[PDB]
Amino acid sequence: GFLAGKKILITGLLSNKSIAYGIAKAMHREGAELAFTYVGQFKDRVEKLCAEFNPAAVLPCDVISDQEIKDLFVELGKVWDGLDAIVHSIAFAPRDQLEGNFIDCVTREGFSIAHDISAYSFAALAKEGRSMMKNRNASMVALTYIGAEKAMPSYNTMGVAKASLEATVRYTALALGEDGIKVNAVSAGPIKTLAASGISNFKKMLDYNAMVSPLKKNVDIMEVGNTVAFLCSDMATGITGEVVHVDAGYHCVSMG
Amino acid sequence: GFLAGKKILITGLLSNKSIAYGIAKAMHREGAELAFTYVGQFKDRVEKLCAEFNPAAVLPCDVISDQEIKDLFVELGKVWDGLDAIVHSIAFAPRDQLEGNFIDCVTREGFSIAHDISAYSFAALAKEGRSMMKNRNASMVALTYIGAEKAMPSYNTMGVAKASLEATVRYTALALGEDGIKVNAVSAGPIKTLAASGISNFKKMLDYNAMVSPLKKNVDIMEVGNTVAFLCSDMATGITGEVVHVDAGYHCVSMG
Amino acid sequence: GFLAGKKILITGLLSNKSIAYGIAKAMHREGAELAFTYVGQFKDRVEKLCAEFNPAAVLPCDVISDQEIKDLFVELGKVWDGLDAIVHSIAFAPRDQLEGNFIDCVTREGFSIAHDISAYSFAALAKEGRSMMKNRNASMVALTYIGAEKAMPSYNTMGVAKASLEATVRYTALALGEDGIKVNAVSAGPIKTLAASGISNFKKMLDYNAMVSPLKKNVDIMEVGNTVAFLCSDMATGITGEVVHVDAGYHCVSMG
Amino acid sequence: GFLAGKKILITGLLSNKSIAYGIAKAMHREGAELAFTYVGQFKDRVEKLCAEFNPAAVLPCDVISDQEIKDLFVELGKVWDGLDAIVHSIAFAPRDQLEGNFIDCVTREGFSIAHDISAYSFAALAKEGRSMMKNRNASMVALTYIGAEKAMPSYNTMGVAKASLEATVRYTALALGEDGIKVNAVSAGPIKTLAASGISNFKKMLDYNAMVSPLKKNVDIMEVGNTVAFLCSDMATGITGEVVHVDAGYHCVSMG
């Protein structure tokens, strides 16, 4: 496997529909040694779910908290000497930020929170994980959406938070490059996950991608997972600060 | 004047050198009726600066506060029947967010504050000004910088907040379009302003720009101001969600 | 007028529906001294049409021919000492390049011809006009379409030619910057012109822009013309290598 | 191997240092069955180079000729029941198009030739290969360069042709998508190849890249080859119309 022996932390695994689940399946297939995080109460749920990946550790991490993130790496460091990659597959904005007219709905705190969790958390993981990642062709990958690049209905302040995220990925790539850490993002097309039901427009978005996309289909978590996997491999060491669209080609067309 | 009669609110006027000053000069030349905001204790400084423009109002507004933004437009509603444009020329991030390695310097709070004042404040002005701007070919312009698009040394968290601001400009353009309101940004090249002091490598950027850009020069506040004035005129009613680079062409080249 | 006394050459004027016609109206309004080109047989047609703009010259120029382009500037130079701007508002691809599946329809020669006329002609005009434009804040503007940036049905090899054009604009901006010549493009939304009937998809494209665009409308030749006018003014001397979308905001959104 | 069984045609193999050589090494390692084309008198040189790959066929194809491209696929149809991928790793422009000021150097013919071989030839391969690639998760990859996106010294007409090639990649992706064929490009950083000799400022670009890019290094043909191999694999079936930068992050930064 092209990830054989690599030590990789996966965030955001919630159900077997999660993009993180596809990433896990892909990386496990390729020989990676995998660890996982969960938020507070989903402990036993995620614990059962990720067992099938022979995890080196399953640890709590609500990225809201500087403490939990710091402790995540303290505990992870009791299990692993160093770390090969961090996979960031997590976002959040209050529900009222994801419906209706953007200007009607947006609020100062919702904006703040969407950004705190969906964008800042990526650089926070980088900050704490850096020491374990130093000097080993380490990698980071974040999940984003085309809502960052173009305005669209519903996605609203999450769209704005994704743009912050993509920029954070670029600045993170610049900052950590000297340590041989590559930092990239996968821009995934619409996939029916738990988080997706939180988007007003989702059924429409999903249907629309299939019709308009060049490949005339929706993507799945294995296409996404496989791409994230590659981006944590030695084959991808020339790639950094990049956004790769895994969206059946939706990003390259206009009209349809 | 191609702004004759138009009622425009200008934020960010701090000194003789502010970009907002160039904007003000340009719009006053073009027949605009102007209002200005100030923060903190700069009431006298700003009144003195903007006196030559015969402003209708010089009002307090620290965009950290929702109430002040709300009261700004209530007071404005007392001198003006309606608003033609809002010029957003305001940004802030704590000094420790603008020096050294991005991952070293980044903090949750500094991230939050940068986004809150540099980006959220644009949508906040849009939210409270919206009713006065409805249905008169109204306009909004924000000031951004190429650090939103590309990572660069030192700009760090502001770079990320600027990416957030540009996405906010797009979603705002989408949200306000049905009201005939166009929403755009001007991406200015480095100009020597008071804020530029907070950029550790600023003299670097300025000299680099002049040497590398096609027009082999630095831009000035009138170049930026004229462009902002244009983007508030009836000539630009076909343009929204756009970012216009006023940077002597720096944006279009690679190497020099 | 903000173009008062400026000497500007306009190409592509064919009917009073032409984008070039809007550009002419706008620049004449702003005090510009205007000259025009035509292709071979449209001589008397264009001659009648542009009379209303008090043209300094109306000259033949089929950009297919290196000879006619060279002679255009020889004759123009008998009338004007120097030249302030060139407006390129011309494109062509064989009809069979603009219908159906791109791969089915595209041909080596059609590709060549689309590029020769729609892209190369811009740099050819720059090459010959340069000497008259030297050292006077001169300008060039080309018309493009979003078909360059994104693949779309029908537009096909014209889309590919527009991408070449936009790149030619950037390389031209780099090359001529040292002479103080600024070089930009306006990316216009769909407008019902003569050339438009040559596009299979046009009615659909037109209708689709109105529904999806933030400003919920189609643009007109005066919005486009006014923007081109501004881009040939002293107000725009900080702008070069830029593409400005005048498309009611279509470019910034996804879905609708 | 993640290309096991896949039948892939590789163009552009000229030497030990060609990018096509890195691509070939990577795909042979991953289980691909390979074929190669050559131009002119390099039949013996290429057969000798690609012998270790146990190619199914080493065939003549100068992409200036439609007939040769047509006959290529007829001959290929004699060894293979179907084609899984085409690697386009080929460009050309006359030397006088790659030195000095772009406007000084550009000619109609040099423009035409650059586009014809560097860009049109990609769609031409797509046209004639299409029937063998139908409905097998087939793939196309072209090699491009950041000179398509930004203007830079010397690259000149090739820069423009590369912009044309990237648009062709998008329209081809749109056209071939219904056939399950994904179409992408790899944007490689400067690598020391035979062609690089024709770039007057190449040692400039190479040293600049290593100093300025986040990973503080130059890319190599295996980094590019691995990525191209990935883009021909079943793992990448969610990706089309994409451009992936394999440039040590150069694309994402500004200043250094």
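Letters A, B, C and D name the chains as they come in the text, with residue numbers starting at 1 for each one.
Criterion: a contact is a pair of C-beta atoms (placed from the backbone, for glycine too) under 8 Å apart; a residue touches a chain by one contact, two chains touch by 3 or more.
J.: Test of understanding: which option in A-B, A-D or B-C shares over half of the contact pairs of C-D, residue numbers taken as the match?
T.: When the residue numbers line up for over half the pairs, the pair is A-B.
J.: Would you mind reporting the rotation angle for the C-alpha fit of chain B onto chain C, rounded to the nearest 5 degrees?
T.: Between chain B and chain C the superposing rotation measures out at 180 degrees.
J.: Averaging only over C-alpha atoms, locate the centres of chain A and chain B and give their separation in whole Å.
T.: 32
J.: Need the CA-centroid distance for the pair chain B / chain D, whole Å please.
T.: Computed value for the inter-centroid distance: 43 Å.
J.: Multi-chain contacts in chain A: which residues touch at least two other chains?
T.: 150-153, 170, 173-174, 176, 214, 241, 252-253
J.: Going by the touch rule set out above, what shape does the chain contact graph take here: line, ring, star, complete or other?
T.: If you draw each chain as a dot and join those that touch, every dot ends up joined to every other.
J.: Pull out all the chain pairs that touch, please.
T.: Chain pairs that touch: A-B, A-C, A-D, B-C, B-D, C-D.
J.: Provide the residue numbers of chain B that touch chain C in the complex, in ascending order.
T.: Touch list, chain B to chain C: 2, 26, 170, 173-174, 176-178, 180, 182-183, 189, 213-216, 219-220, 223-224, 226-227, 229-230, 235-242, 244-249, 251-253.
J.: Which bits of chain A are touching chain C when the two form their complex?
T.: Against chain C, chain A makes touches at 146-147, 149-153, 201, 204-205, 208, 214, 252-256.
J.: Could you list, by residue number, the parts of chain B that touch chain A in their complex?
T.: Counting only chain B, the residues touching chain A are 66, 101-104, 106, 108, 111-112, 115-116, 119-120, 123-124, 126-127, 130, 148, 150-153, 156, 159-164, 166-168, 170-176, 241.
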